[PDB]
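Contents: one structure, followed by commentary.
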Amino acid sequence: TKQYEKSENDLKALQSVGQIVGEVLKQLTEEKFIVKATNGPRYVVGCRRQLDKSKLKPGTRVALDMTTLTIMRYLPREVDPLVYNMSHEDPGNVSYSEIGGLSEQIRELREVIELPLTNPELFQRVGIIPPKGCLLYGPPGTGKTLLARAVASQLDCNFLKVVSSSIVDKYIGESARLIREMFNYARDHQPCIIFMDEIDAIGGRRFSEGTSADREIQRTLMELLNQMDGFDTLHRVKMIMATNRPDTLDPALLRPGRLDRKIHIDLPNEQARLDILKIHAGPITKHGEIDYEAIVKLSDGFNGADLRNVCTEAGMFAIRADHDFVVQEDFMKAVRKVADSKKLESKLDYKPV
Amino acid sequence: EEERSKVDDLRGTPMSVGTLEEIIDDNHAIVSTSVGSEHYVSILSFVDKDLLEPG
Amino acid sequence: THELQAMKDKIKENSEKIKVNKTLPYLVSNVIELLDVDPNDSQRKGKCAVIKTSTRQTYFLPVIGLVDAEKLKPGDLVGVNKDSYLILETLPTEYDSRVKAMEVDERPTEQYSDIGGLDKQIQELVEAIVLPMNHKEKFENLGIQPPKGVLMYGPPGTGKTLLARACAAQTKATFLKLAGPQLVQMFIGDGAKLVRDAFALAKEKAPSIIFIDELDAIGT
Amino acid sequence: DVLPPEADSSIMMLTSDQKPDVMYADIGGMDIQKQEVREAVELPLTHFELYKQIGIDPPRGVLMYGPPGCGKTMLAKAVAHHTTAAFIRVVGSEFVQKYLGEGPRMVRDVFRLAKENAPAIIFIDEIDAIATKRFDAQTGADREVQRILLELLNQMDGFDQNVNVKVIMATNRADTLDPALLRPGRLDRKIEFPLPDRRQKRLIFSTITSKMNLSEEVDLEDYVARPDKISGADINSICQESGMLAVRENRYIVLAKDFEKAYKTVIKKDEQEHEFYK
Amino acid sequence: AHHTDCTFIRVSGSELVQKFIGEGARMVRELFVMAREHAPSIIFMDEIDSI
Amino acid sequence: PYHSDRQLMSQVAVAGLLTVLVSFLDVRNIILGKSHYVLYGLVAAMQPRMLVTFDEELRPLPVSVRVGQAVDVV
Amino acid sequence: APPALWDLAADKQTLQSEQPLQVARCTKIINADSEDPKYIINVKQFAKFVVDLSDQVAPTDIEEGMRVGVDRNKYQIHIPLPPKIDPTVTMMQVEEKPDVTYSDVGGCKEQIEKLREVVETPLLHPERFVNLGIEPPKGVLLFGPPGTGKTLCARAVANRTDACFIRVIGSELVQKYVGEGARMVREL
Ligand SMILES: Nc1ncnc2c1ncn2[C@@H]1O[C@H](COP(=O)(O)OP(=O)(O)OP(=O)(O)O)[C@@H](O)[C@H]1O
Ligand SMILES: Nc1ncnc2c1ncn2[C@@H]1O[C@H](COP(=O)(O)OP(=O)(O)OP(=O)(O)O)[C@@H](O)[C@H]1O
Ligand SMILES: Nc1ncnc2c1ncn2[C@@H]1O[C@H](COP(=O)(O)OP(=O)(O)OP(=O)(O)O)[C@@H](O)[C@H]1O
Ligand SMILES: Nc1ncnc2c1ncn2[C@@H]1O[C@H](COP(=O)(O)OP(=O)(O)OP(=O)(O)O)[C@@H](O)[C@H]1O
């Protein structure tokens with residue numbers, strides 16, 4: 001009964017209007033602060049005595065009065081898409097074992113990614129500067145977002161998710177300044193890891209001068225490239241990138257410094273195909289007879305994806321046979337045939353480097 | 001005579017230069033001026049409302 | 001012991017006073033979540049959050065008033081009335097017009113009985129669409145991953161559109177038509193937020209079915 | 001009243017008390033391009049008088065090109081150890097706002113605090129983003145920012161005569177740059193970073209290897225031999241990839257194994273099967 | 001043109017002479033309109049002499 | 001063709017529903033429409049004038065009850 | 001001048017009618033309907049508002065994405081307005097007036113017979129096919145040497161009886177800044 005009156009008394013405090021945000025450009029005096037609103041207009045105001053004048057500093061997010069237009073309260077930093085870049089989730093861990101190959105790539109990115117974090121000493125002794133970047137590309141094969149995804153959910157620490165389609169921004173390519181601010185919050189939560197999916201479009205060449213989109217895209221690219229040309233230490237931030245074709249990425253990204261490492265996925269060997277087939281035979285209930293070398297002999301040149309879809313094709317073809325446990329003869333039939341249909345639709349899998 | 005000293009007050013002294021977007025049979029015409037300003041204006045004066053045409 | 005009804009009278013009178021601040025949660029606004037406490041210069045504690053506007057502007061307010069930061073992570077659409085700069089109610093959901101509702105299908109009258117000669121490939125289709133609906137328990141028994149994308153190709157006709165939309169009317173589940181070139185837009189990457197909104201309302205209406213044609217128009 | 005001046009707005013100046021990174025002793029390749037940077041930067045910076053005496057007018061316009069390899073911004077990082085002056089570090093894109101009217105305030109402030117701090121130096125990295133022709137009003141705000149390029153261009157005629165500014169600039173592609181800038185009278189200096197040669201090879205090998213623990217087995221001559229037949233590069237970060245094939249281990253003092261294996265690691269693309277023309 | 005005192009003009013001109021002069025058209029009639037406003041006038045071809 | 005008049009007077013009469021004046025209009029257009037048998041032209045080409053027309057058309061100017069049918073002699 | 005005299009003399013009643021319904025700025029489409037009374041709305045002012053309607057409008061007349069009039073201060077929906085379109089391009093294509101009647105055909109009969117009964121007969125006598133239905137075909141095609149193309153179209157204009165038809169030239173579809181002709185063809 002009385003708790004309600006507590007809420008209603010809270011409304012009495014809600015009779016106070018929200019204040020207006022702004023930035024601190026400079027300060028002319030103690031009663032003259034050169035400020036700007038997030039909406040563009042600039043102002044000069046004094047302020048009350050609850051501030052610490054030195055704490056103010058230029059380039060400071062503050063809140064202003066609705067009439068006096070002066071600082072009462074302030075907050076250091078804010079960013080909307082960040083927590084959503086941190087909200088990615090992936091199972092595994094164990095999937096890092098489930099992927100099969102590729103071993104030397106797995107351990108390679110484990111070293112150049114994880115090792116600068118935990119052991120800067122090994123690097124600083126030999127005199128070598130740690131690589132700040134890496135590149136992945138399929139689908140000559142596939143497993144990019146899988147592997148790197150299980151590295152994000154594997155190493156944990158701090159990690160940032162980026163799809164290349166969120167930098168679109170429509171008017172005023174300030175998704176550029178979202179790359180700047182995003183890198184600043186990567187300097188906040190550092191050490192951090194950066195995903196980059198589908199980097200071809202946000203990596204284009206501006207070969208032929210044309211239209212508008214290509215130009216402002218190239219502008220955000222200038223932001224990227226010059227923030228990897230620092231003027232800044234990116235040691236503590238990691239960047240992982242995946243795209244179809246390593247062709248349109250321009251020599252600026254192809255240049256070390258900005259992009260130190262280059263690693264690819266290749267079509268899985270019948271050994272790795274064997275292994276991933278093993279881990280894909282686990283969840284599916286099977287008949288007592290199992291022979292993997294049948295499918296390994298028959299299946300050649302598939303993606304790892306095409307192979308797991310081949311296993312699912314076996315089982316979902318086996319829902320017609322209505323058997324709970326299913327023989328691998330039905331798997332040889334449906335796997336073989338429908339797999340070869342995938343290979344008839346496998347047109348133009350041959351990509352540049 | 002008196003009409004010249006009348007309609008000028010209503011339209012005076014300042015008036016914006018607008019652009020006719022489309023016409024509704026109410027004599028209300030959806031209009032457009034910088035920026036994104038639509039509206040309904042029913043007037044019988046100076047018109048010529050047939051020959052206006054959008055744009 | 002009867003004074004509890006007196007406080008009841010004042011909480012209802014204040015609720016009536018809340019109604020005048022509840023009319024209307026006019027302006028739509030975007031949120032940036034924050035929980036902050038400001039020491040001085042003696043002490044002031046609580047929660048304070050950041051807010052955008054429909055007019056692209058941004059404010060900073062002591063936490064609403066009515067509902068608390070229980071909702072949400074930085075959201076939007078929170079209803080706030082003009083100069084109040086306080087949110088009486090947090091409203092959903094999402095957006096937007098043509099993008100929100102591209103298609104809402106009652107049902108086309110035709111069914112698979114109107115076509116013939118496809119019994120094998122319509123067995124494959126009726127498989128891929130029907131087996132997650134009713135037979136999901138069979139999958140969890142066998143440990144099966146159902147299919148998602150299913151490619152449909154051939155020169156008209158065929159008549160694969162009457163196939164997909166007929167059996168789509170036989171699904172009774174939520175169904176959204178879509179045209180391929182619709183994703184071509186006026187500004188950079190509008191089609192992106194378009195498709196994300198599509199799959200968001202699809203995930204809301206789950207299970208559902210979305211049919212697109214002329215993918216090769218936008219898939220070059 | 002007006003700005004004090006100059007109290008900004010934005011940017012701001014400095015950040016160069018916590019910077020630059022390392023001194024010009026890093027790179028030893030150029031020795032000529034660095035001399036044009038020398039006479040075109042800090043010979044005018046120390047003497048405005050000797051020019052009027054000898055009767056030759058020094059331009060403030062500086063333009064660098066040729067990448068990759070990098071060069072470029074490392075000459076600025078090295079200039080901040082050379083010189084004590086003003087330093088403007090602005091990404092060519094960084095200033096594009098929601099309101100076109102913010103551009104002129106930003107760049108105008110840049111120039112009035114530049115001449116306020118004169119002797120001064122201003123650097124904009126890759127204006128190629130803002131150097132292309134465009135019409136439509138949406139990007140027409142950016143047509144107002146190339147009108148801003150012409151604004152600050154008129155102001156770059158306004159620094160003359162004498163005191164002062166140094167406008168240095170670089171780009172990854174200079175094709176689309178509209179000639180009004182480069183055309184004589186404003187930016188008069190065209191600098192081109194050359195691909196490293198045998199001098200630049202040996203100098204870059206020595207300077208990068210001086211910062212790593214190296215074995216007495218490792219030879220620099222064979223790698224100014226076979227990679228010099230093709231590369232090219234970026235040679236620096238390729239030796240860094242050698243120390244990084246040492247950082248593949250668990251390694252003590254790097255061997256020619258990780259060197260040669262890093263030169264074949266990054267990179268060789270062979271042309272051609274069809275090369276039998278020759 | 002300096003000793004003749006007639007106003008001196010070089011042809012396109014980029015990019016931004018399409019801005020100041022006219023909107024979009026053949027545009028040499030609008031440039032020719034400027035040359036009609038200021039007469040006598042010299043039009044130079046700048047430069048398009050290149051390899 | 002008479003079908004188009006049939007469709008216009010057929011669709012406009014769907015309203016009101018009666019509103020018997022619609023069953024008055026459907027015959028109204030076909031007075032002159034299906035009357036025929038006389039061409040005018042003007043009346044007339046010889047420069048006389050129709051006497052029933054001016055007469056009758058002067059009364060319904062304040063049209064009230066049966067004056068419209070008196071004029072409907074036409 | 002007399003017509004302009006009476007034209008300018010109606011402003012006295014016009015200003016009395018000018019006080020009400022003027023607030024119609026601006027046209028606005030809704031986005032969702034929160035509850036029974038309340039509708040969230042977006043206006044090209046780019047501000048967005050949740051509000052009711054002017055109670056003379058029946059609340060069941062509103063649909064999602066419906067351009068509706070407004071009282072700007074209350075922001076309430078004033079009147080639902082049907083048109084959401086159109087850029088002048090389509091009404092530029094909207095066609096009127098006949099010319100070049102049938103007998104202007106140059107003796108082509110089977111052609112003119114088929115391309116005639118395919119449009120007139122279903123449109124002139126719809127009940128006939130509904131009786132025999134079946135169905136008349138969706139559309140037709142013409143082509144050949146220039147003589148005579150597009151002129152039999154003019155004949156379709158002449159013999160056209162009641163419902164107007166919209167001519168569409170070929171080039172107005174293609175425009176630069178891609179995605180324009182799409183909106184075009186869709187909205188037409
Ligand atoms: N080596 C692998 N081990 C396990 N699963 C794999 C492997 N390679 C691909 N897959 C399967 O492929 C699917 C997609 O993951 P992946 O990151 O390969 O997509 P992708 O590489 O972006 O595809 P594409 O390159 O064809 O666009 C996953 O469901 C995954 O199970
Ligand atoms: N095998 C068939 N069975 C039943 N109907 C058919 C068959 N082939 C063609 N049709 C008929 O042809 C008509 C035209 O359909 P059409 O072939 O254009 O559809 P579609 O090709 O699937 O659509 P789209 O052209 O977008 O691919 C349909 O009304 C359909 O009834
Ligand atoms: N002696 C040298 N010769 C060439 N490059 C070097 C030398 N020493 C260091 N570098 C490279 O220069 C890079 C930094 O240069 P900078 O920041 O100027 O890039 P940039 O010139 O903007 O890039 P780019 O010119 O490729 O677009 C370092 O990553 C380093 O690998
Ligand atoms: N068979 C015909 N009957 C009547 N008139 C004809 C015939 N052939 C040509 N003409 C006359 O010749 C003129 C030119 O033909 P028209 O321009 O209509 O064809 P077209 O428009 O060139 O065809 P297309 O649209 O394929 O270019 C027309 O004005 C028409 O009156």
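Chain labels follow the order of the structure tokens: the first chain is A, the next B, and so on; residue numbering restarts at 1 in every chain, and ligands are counted from 1 in their shown order.
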May I ask you to write as a VMD selection string all residues lying at most 8 Å from ligand 1, with only C-alpha atoms and all ligand atoms counted? chain A and resid 95 98 to 102 137 to 147 242 to 244 268 272 to 273 276 303 to 308
Extract, using only C-alpha atoms, all DNA, RNA and protein residues at most 9 Å from residue 80 in chain A, discarding same-chain residues fewer than 5 positions from it, and format them as an MDAnalysis selection string. chainID C and resid 31:33 74:75
Which distance in Å separates CA of residue 36 in chain A and CA of residue 23 in chain A, to one decimal?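 Straight-line distance from CA of residue 36 in chain A to CA of residue 23 in chain A works out to 5.2 Å.
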Counting only C-alpha atoms and all ligand atoms, which protein, DNA or RNA residues come within 9 Å of ligand 2, given as a PyMOL selection string? chain C and resi 112-118+152-164+213-214
Identify all chain G residues at most 12 Å from chain C by counting only C-alpha atoms; ligands do not count. Present them as a VMD selection string. chain G and resid 28 to 35 37 to 52 63 to 67 72 to 76 176 to 183 185 to 186
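Residues in contact range of residue 325 in chain A, defined as at most 7 Å between only C-alpha atoms, with sequence neighbours fewer than 5 positions away removed, read residues 285, 286 and 287 of chain A.
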7 Å from ligand 3 is the threshold here; counting only C-alpha atoms and all ligand atoms, which polymer residues fall inside it? Answer as JSON, numbers by chain. {"A": [226, 229, 230, 252, 255, 256, 257, 258], "D": [26, 27, 28, 29, 67, 68, 69, 70, 71, 72, 73, 74, 172, 204, 234, 235, 236, 237]}
Contacts of residue 36 in chain D within 10 Å, only C-alpha atoms, excl. fewer than 2 positions in-chain, as a PyMOL selection string: chain D and resi 31-34+38-41+62+189-191
Can you write out the residues you just picked, keeping N, CA, C and O atoms, as a PDB file, in the first residue's frame?
```pdb
ATOM      1  N   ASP D  31      66.993   9.077 -48.564  1.00  0.00           N
ATOM      2  CA  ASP D  31      68.209   9.889 -48.546  1.00  0.00           C
ATOM      3  C   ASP D  31      68.178  10.977 -49.613  1.00  0.00           C
ATOM      4  O   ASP D  31      68.987  11.907 -49.592  1.00  0.00           O
ATOM      5  N   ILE D  32      67.251  10.859 -50.557  1.00  0.00           N
ATOM      6  CA  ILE D  32      67.003  11.877 -51.562  1.00  0.00           C
ATOM      7  C   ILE D  32      65.620  12.497 -51.401  1.00  0.00           C
ATOM      8  O   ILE D  32      65.483  13.717 -51.308  1.00  0.00           O
ATOM      9  N   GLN D  33      64.581  11.658 -51.354  1.00  0.00           N
ATOM     10  CA  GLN D  33      63.238  12.143 -51.061  1.00  0.00           C
ATOM     11  C   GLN D  33      63.206  12.851 -49.710  1.00  0.00           C
ATOM     12  O   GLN D  33      62.527  13.875 -49.551  1.00  0.00           O
ATOM     13  N   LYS D  34      63.977  12.350 -48.740  1.00  0.00           N
ATOM     14  CA  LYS D  34      64.116  13.031 -47.459  1.00  0.00           C
ATOM     15  C   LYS D  34      64.887  14.339 -47.577  1.00  0.00           C
ATOM     16  O   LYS D  34      64.756  15.202 -46.700  1.00  0.00           O
ATOM     17  N   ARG D  38      63.534  17.841 -46.725  1.00  0.00           N
ATOM     18  CA  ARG D  38      64.398  18.708 -45.936  1.00  0.00           C
ATOM     19  C   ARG D  38      64.326  20.145 -46.433  1.00  0.00           C
ATOM     20  O   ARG D  38      63.837  21.037 -45.725  1.00  0.00           O
ATOM     21  N   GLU D  39      64.798  20.363 -47.664  1.00  0.00           N
ATOM     22  CA  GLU D  39      64.840  21.698 -48.246  1.00  0.00           C
ATOM     23  C   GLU D  39      63.456  22.296 -48.446  1.00  0.00           C
ATOM     24  O   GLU D  39      63.327  23.523 -48.520  1.00  0.00           O
ATOM     25  N   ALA D  40      62.425  21.464 -48.563  1.00  0.00           N
ATOM     26  CA  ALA D  40      61.065  21.939 -48.766  1.00  0.00           C
ATOM     27  C   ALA D  40      60.285  22.084 -47.465  1.00  0.00           C
ATOM     28  O   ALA D  40      59.129  22.527 -47.500  1.00  0.00           O
ATOM     29  N   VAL D  41      60.879  21.733 -46.324  1.00  0.00           N
ATOM     30  CA  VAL D  41      60.178  21.832 -45.049  1.00  0.00           C
ATOM     31  C   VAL D  41      60.973  22.665 -44.052  1.00  0.00           C
ATOM     32  O   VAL D  41      60.544  23.761 -43.674  1.00  0.00           O
ATOM     33  N   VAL D  62      53.084  20.867 -50.540  1.00  0.00           N
ATOM     34  CA  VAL D  62      53.875  19.643 -50.562  1.00  0.00           C
ATOM     35  C   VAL D  62      52.935  18.482 -50.845  1.00  0.00           C
ATOM     36  O   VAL D  62      51.863  18.385 -50.238  1.00  0.00           O
ATOM     37  N   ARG D 189      54.917  21.178 -55.077  1.00  0.00           N
ATOM     38  CA  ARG D 189      55.918  20.142 -54.846  1.00  0.00           C
ATOM     39  C   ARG D 189      55.299  18.767 -55.043  1.00  0.00           C
ATOM     40  O   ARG D 189      54.430  18.354 -54.266  1.00  0.00           O
ATOM     41  N   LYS D 190      55.757  18.053 -56.072  1.00  0.00           N
ATOM     42  CA  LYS D 190      55.341  16.678 -56.330  1.00  0.00           C
ATOM     43  C   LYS D 190      56.463  15.737 -55.911  1.00  0.00           C
ATOM     44  O   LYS D 190      57.511  15.678 -56.559  1.00  0.00           O
ATOM     45  N   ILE D 191      56.233  15.000 -54.830  1.00  0.00           N
ATOM     46  CA  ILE D 191      57.175  14.015 -54.320  1.00  0.00           C
ATOM     47  C   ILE D 191      56.626  12.631 -54.630  1.00  0.00           C
ATOM     48  O   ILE D 191      55.430  12.370 -54.447  1.00  0.00           O
TER      49      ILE D 191
END
```
Within-12 Å residues of ligand 4, basis only C-alpha atoms and all ligand atoms, as a compact mmCIF listing (two decimals) with C-alpha atoms, in the first residue's frame:
```
# COMPACT_ATOMS: atom_id res chain seq x y z
CA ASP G 99 -7.74 10.22 -82.30
CA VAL G 100 -7.24 8.16 -85.48
CA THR G 101 -10.36 5.98 -85.53
CA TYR G 102 -10.78 2.42 -86.80
CA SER G 103 -11.29 2.93 -90.55
CA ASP G 104 -7.80 4.46 -90.64
CA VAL G 105 -6.50 0.87 -90.63
CA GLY G 106 -4.81 -0.04 -93.90
CA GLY G 107 -6.70 -3.24 -94.59
CA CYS G 108 -5.14 -5.42 -91.90
CA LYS G 109 -8.12 -7.41 -90.64
CA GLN G 111 -4.56 -8.59 -86.91
CA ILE G 112 -7.07 -5.85 -86.07
CA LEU G 141 2.08 -8.28 -78.27
CA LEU G 142 2.68 -6.26 -81.44
CA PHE G 143 5.83 -5.92 -83.54
CA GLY G 144 7.24 -5.96 -87.04
CA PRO G 145 8.46 -3.29 -89.45
CA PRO G 146 7.72 0.30 -88.37
CA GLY G 147 4.81 0.59 -90.79
CA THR G 148 2.62 0.40 -89.13
CA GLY G 149 3.50 0.24 -85.47
CA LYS G 150 2.04 2.45 -82.77
CA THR G 151 -0.70 3.67 -85.10
CA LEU G 152 -3.10 0.81 -84.37
CA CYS G 153 -2.45 1.88 -80.77
CA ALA G 154 -3.87 5.29 -81.70
CA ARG G 155 -6.86 3.32 -83.00
CA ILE G 169 7.02 5.04 -73.52
CA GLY G 170 10.07 2.82 -73.32
```
Output as a PDB file with N, CA, C and O atoms, in the first residue's frame all residues of range 139-219 of chain D that backbone DSSP marks as strand (DSSP E).
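Generated output (out-v3.pdb):
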```pdb
ATOM      1  N   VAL D 167      52.124  23.041 -45.706  1.00  0.00           N
ATOM      2  CA  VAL D 167      51.050  22.129 -46.083  1.00  0.00           C
ATOM      3  C   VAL D 167      51.695  20.923 -46.757  1.00  0.00           C
ATOM      4  O   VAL D 167      52.115  20.992 -47.918  1.00  0.00           O
ATOM      5  N   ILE D 168      51.777  19.818 -46.029  1.00  0.00           N
ATOM      6  CA  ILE D 168      52.290  18.564 -46.561  1.00  0.00           C
ATOM      7  C   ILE D 168      51.115  17.619 -46.766  1.00  0.00           C
ATOM      8  O   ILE D 168      50.092  17.708 -46.077  1.00  0.00           O
ATOM      9  N   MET D 169      51.263  16.705 -47.721  1.00  0.00           N
ATOM     10  CA  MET D 169      50.136  15.875 -48.106  1.00  0.00           C
ATOM     11  C   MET D 169      50.628  14.636 -48.837  1.00  0.00           C
ATOM     12  O   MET D 169      51.682  14.652 -49.480  1.00  0.00           O
ATOM     13  N   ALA D 170      49.848  13.563 -48.729  1.00  0.00           N
ATOM     14  CA  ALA D 170      50.164  12.300 -49.381  1.00  0.00           C
ATOM     15  C   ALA D 170      48.863  11.588 -49.723  1.00  0.00           C
ATOM     16  O   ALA D 170      47.810  11.859 -49.138  1.00  0.00           O
ATOM     17  N   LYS D 190      55.757  18.053 -56.072  1.00  0.00           N
ATOM     18  CA  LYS D 190      55.341  16.678 -56.330  1.00  0.00           C
ATOM     19  C   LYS D 190      56.463  15.737 -55.911  1.00  0.00           C
ATOM     20  O   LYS D 190      57.511  15.678 -56.559  1.00  0.00           O
ATOM     21  N   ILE D 191      56.233  15.000 -54.830  1.00  0.00           N
ATOM     22  CA  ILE D 191      57.175  14.015 -54.320  1.00  0.00           C
ATOM     23  C   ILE D 191      56.626  12.631 -54.630  1.00  0.00           C
ATOM     24  O   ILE D 191      55.430  12.370 -54.447  1.00  0.00           O
ATOM     25  N   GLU D 192      57.498  11.751 -55.114  1.00  0.00           N
ATOM     26  CA  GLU D 192      57.111  10.393 -55.476  1.00  0.00           C
ATOM     27  C   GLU D 192      58.019   9.425 -54.733  1.00  0.00           C
ATOM     28  O   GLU D 192      59.235   9.419 -54.953  1.00  0.00           O
TER      29      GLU D 192
END
```
Where does DSSP see alpha helix (DSSP H) in range 6-66 of chain D, if you list the residues as a PyMOL selection string? chain D and resi 33-46+49-54
Counting only C-alpha atoms, what is within 10 Å of residue 38 in chain E, bar same-chain residues fewer than 5 positions away, as a VMD selection string? chain E and resid 6 to 8 32 to 33
Grab the residues selected above and save them as a CSV table (one decimal), in the first residue's frame with N, CA and C atoms.
```csv
chain,number,residue,atom,x,y,z
E,6,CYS,N,40.2,42.5,-72.7
E,6,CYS,CA,39.0,41.6,-72.7
E,6,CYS,C,39.1,40.5,-71.7
E,7,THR,N,38.0,40.1,-71.1
E,7,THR,CA,38.0,39.2,-70.0
E,7,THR,C,38.5,37.8,-70.5
E,8,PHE,N,39.3,37.2,-69.6
E,8,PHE,CA,40.0,36.0,-70.0
E,8,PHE,C,39.3,34.8,-69.4
E,32,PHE,N,28.6,30.6,-72.5
E,32,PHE,CA,28.5,31.6,-73.5
E,32,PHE,C,27.6,32.7,-73.0
E,33,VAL,N,26.7,32.5,-72.1
E,33,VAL,CA,25.9,33.6,-71.5
E,33,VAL,C,26.8,34.5,-70.6
```
Which residues come within 12 Å of residue 10 in chain F, counting only C-alpha atoms, excluding same-chain residues fewer than 5 positions away, as JSON, numbers by chain? {"F": [2, 3, 4, 5, 15, 22, 23, 25, 26, 27, 29]}
Those same residues, written as a compact mmCIF listing (two decimals), in the first residue's frame with N, CA and C atoms?
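Contents of the output file out-v2.txt:
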```txt
# COMPACT_ATOMS: atom_id res chain seq x y z
N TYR F 2 -25.19 1.86 -77.94
CA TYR F 2 -26.04 2.15 -76.79
C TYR F 2 -25.60 1.39 -75.54
N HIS F 3 -24.65 0.47 -75.66
CA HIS F 3 -24.20 -0.31 -74.51
C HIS F 3 -23.49 0.56 -73.47
N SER F 4 -22.72 1.54 -73.92
CA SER F 4 -21.97 2.39 -72.98
C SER F 4 -22.92 3.24 -72.14
N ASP F 5 -23.95 3.80 -72.76
CA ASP F 5 -24.97 4.49 -71.98
C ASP F 5 -25.64 3.53 -71.01
N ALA F 15 -26.93 3.62 -56.71
CA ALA F 15 -26.83 4.44 -55.51
C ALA F 15 -28.20 4.84 -54.97
N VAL F 22 -33.16 8.41 -59.53
CA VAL F 22 -32.27 7.65 -60.41
C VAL F 22 -33.09 6.91 -61.47
N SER F 23 -34.23 6.36 -61.09
CA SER F 23 -35.15 5.81 -62.07
C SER F 23 -35.83 6.90 -62.89
N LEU F 25 -33.64 9.54 -63.85
CA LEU F 25 -32.55 9.93 -64.74
C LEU F 25 -32.31 8.91 -65.84
N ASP F 26 -32.45 7.62 -65.52
CA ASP F 26 -32.18 6.58 -66.52
C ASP F 26 -33.07 6.75 -67.74
N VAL F 27 -34.30 7.22 -67.55
CA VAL F 27 -35.14 7.57 -68.69
C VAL F 27 -34.80 8.97 -69.20
N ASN F 29 -31.92 10.55 -69.74
CA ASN F 29 -30.95 10.66 -70.84
C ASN F 29 -31.50 10.08 -72.14
```
